[PDB]
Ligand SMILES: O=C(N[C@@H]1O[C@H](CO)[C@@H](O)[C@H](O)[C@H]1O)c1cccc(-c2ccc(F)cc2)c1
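Below you will find one chain, with nothing else, as structure tokens; this is the form solved without this ligand, and questions on how it binds or moves follow later.
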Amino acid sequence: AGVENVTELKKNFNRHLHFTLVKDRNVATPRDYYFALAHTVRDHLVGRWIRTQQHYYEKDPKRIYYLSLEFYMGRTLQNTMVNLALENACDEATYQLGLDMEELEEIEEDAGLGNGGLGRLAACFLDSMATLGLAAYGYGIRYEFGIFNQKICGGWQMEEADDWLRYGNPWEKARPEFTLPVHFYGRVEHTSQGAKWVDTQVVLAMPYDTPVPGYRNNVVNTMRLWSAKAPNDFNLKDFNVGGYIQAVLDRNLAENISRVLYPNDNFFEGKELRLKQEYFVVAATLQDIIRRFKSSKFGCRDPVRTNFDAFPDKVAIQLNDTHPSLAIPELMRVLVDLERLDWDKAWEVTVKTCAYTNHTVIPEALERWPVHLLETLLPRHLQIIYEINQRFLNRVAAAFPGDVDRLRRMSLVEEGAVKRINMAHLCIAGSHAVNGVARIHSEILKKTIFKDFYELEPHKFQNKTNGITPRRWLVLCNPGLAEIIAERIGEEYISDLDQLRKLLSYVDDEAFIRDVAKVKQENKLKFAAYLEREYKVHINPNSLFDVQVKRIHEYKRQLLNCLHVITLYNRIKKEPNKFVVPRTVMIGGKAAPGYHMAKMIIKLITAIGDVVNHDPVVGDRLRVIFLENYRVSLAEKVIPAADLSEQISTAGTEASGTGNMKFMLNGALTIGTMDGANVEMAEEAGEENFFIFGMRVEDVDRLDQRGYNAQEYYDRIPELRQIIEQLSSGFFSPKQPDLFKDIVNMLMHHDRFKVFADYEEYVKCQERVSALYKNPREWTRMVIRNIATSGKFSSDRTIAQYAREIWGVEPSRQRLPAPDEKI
């Protein structure tokens, strides 16, 4: 609240219902009400957005361009209000108008533009870059369809189109006026001055901008996402008859480029359509960059010629994964072919400008494009690429004289009866810095897959542990919590998570301990109920909520959790009159369509729940639930409500993880392996304050050396063995005896993740979990140790690191002056 402001907001809300929506109070739906509030908050954002940009114009700082094919933003309304601090007023304002804001918020559809970790990261970054006063821009694609809505039918995932712009998107701003052409196909003509790319087919890239407000600093940066539009004539040009009408219809072909996001996480699919997406983002983006460089305070900058030598002094391009790797030869192409810079000079520039982040070591996720694909779609780019390789291999050669295998190993070109380009090698070669996202990940990169690279240029490899935004991930989703903490230490911690440590002072503090546990129960009650309203639940609120939410994958080992769960059901069924800690096990996440195994997995979960939830001997005791359509908005409701976070990837598979960090801040204890960021988390909180288990990296490696035999486990562990037979015999699929005989085969003959090898220790560590939960006060003190020690995981420390060690910029906590415009 605060009366004038409240007077204002009520006024504007009324103005947009009428004017903007063209609706009357006798006809508006909560949906209209939603949109009316959105447009009121949005106004509060314009002057600042305009000012920020104006500011960068004449202030001309180095700019950071964050290129990503994914921006997994979720809802924007709550988050803009938090950031603008309008939350209470909006609340009052809507109270008096009589509306239930929280009810309005649920009407907002998520902006589901990514698949999971990589895209959520990009979204946290932007908020961190904005909160830190950097002149940064996120560039992506405006997909008409984000990641699909996941439906569960008869136990199976059914995918339906995420029609996110149906009702409109109040936060973006079409910028048809800044549409630029993108070229595809054609042929090259090396002639006189040099090479020309001709008889190409053109697609227009049209930008849409979305504001990204920093935490109460009067800063609003931009997220520019391109939309594909077909040119107006070929699409009726050429000698080009064949139907006037059909030619008009044929525009689809072309606009198809930004139609939908490829729904694969940590999986590479060599489809032309994806490659066009990657080229399109990059080509349009680079023009914008160049445009901005040349027109800026250089706007004048008369005579070198037009200088690029200063390029790296004013621009940084960050490659989120190899997705946008084409930015490398695209920058060379332009500099060279269009700007007429000598290779040497341009390469230098490129290097100093580009930086690449690796997100995984899984071989199947790596991008290796068939050259036949490139040759065709981007002939000039393959030429450039061959060129880089040459020059690149001439450098190794010199360094490791005679080392003939190394040459073959580091080549960007994989000759092999399907000659491919390794996108990762192109990226290291063309960038001044390469970082892993977790120190362990970073260490393994340099010890293995990129060993050769490191040896050639140690100086290029860095580490930048990932983070999460305390705004969305604490303040927005768990206000009870932020509150109880604020009471104690106040608020400077929302933009300085580190101060959470002063929290160690209340571990032994009883009013504290009761608050912490109390907010935790409330969250729980709010989740249980939501469960019911929105579906059919009847979940046990005074049960340990054990949640595993992330994309479904073999490496994630939702299966091991599945094993845990049947064991539990099995012990119970064996000695049912015995008291055990009640638990509500929740698992959710999406599987890419066609990742047969991921689909099999979900079904298996549903299968267990079908059995477990209908056993009268089980009672209150065990509940298994598959959480349908997990995405940003769902994560905001379930995370704050959980007690135990399952982060159990086979050590060395999960590069960092971030769901990781979200649970730590909302007070859940973590059960996990020493993989990714869990290593650092445990590190910061103390190993006694985490439920660690299983093999470490060296362990895995030592087993692989031996050769892994699941038969041995099966053979040596009765419990495990019985689960098998039950999976195998139709225990969980009556109708269809052999339904899961597939997971069995895999578990038994080809489990690349050695599920069985960490089973015994996992079940054992889980008992320890249960033991601690029976002692409330003790479970809460530990949790306190987790919350207290989470500040290192804010995306603000992360961004501060990138800024300083790669971008060469300085974050500011400084507030843009910026109210507005009156006269």
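Residue positions are given as counts along the sequence shown, with the first one as 1.
Note that the form solved in complex with this ligand isn't included here; everything after this is about it.
With a cut-off of 4.5 Å between heavy atoms, is residue 439 one of the residues that contacts this ligand in the deposited bound form? The answer is no: residue 439 has no heavy atom within 4.5 Å of this ligand.
Distance check, residue 227 to this ligand in the deposited bound form, heavy atom within 4.5 Å: Residue 227 lies outside the contact set for this ligand.
Closest heavy atom of residue 495 to this ligand in the deposited bound form, within 4.5 Å or not? Result no; residue 495 lies far from this ligand in the deposited bound form.
Is there a heavy atom of residue 655 lying 4.5 Å or less from a heavy atom of this ligand in the deposited bound form? Yes - in the deposited bound form, heavy atoms of residue 655 and this ligand come within 4.5 Å of each other.
What I'd like checked is whether 121, 267 and 321 together line this ligand in the deposited bound form, meaning each has a non-hydrogen atom within 4.5 Å of it. Per the other structure, all of 121, 267 and 321 touch this ligand.
Which of 714, 732, 262, 626 has a heavy atom within 4.5 Å of this ligand in the deposited bound form? The residue from 714, 732, 262, 626 that makes the contact is 262.
Which pick from 670, 360, 157, 353 sits with a heavy atom within 4.5 Å of this ligand in the deposited bound form? Only one listed residue qualifies here, and that residue is 360.
Stretch in contact in the deposited bound form with this ligand, which is absent here, among 501-509, 618-626, 113-121, 309-317 (heavy atoms within 4.5 Å): After filtering at 4.5 Å, what remains is 113-121.
Heavy atoms within 4.5 Å of this ligand in the deposited bound form is the criterion; list the residues of 64-96 that meet it. Heavy-atom contacts to this ligand in the deposited bound form: only 70.
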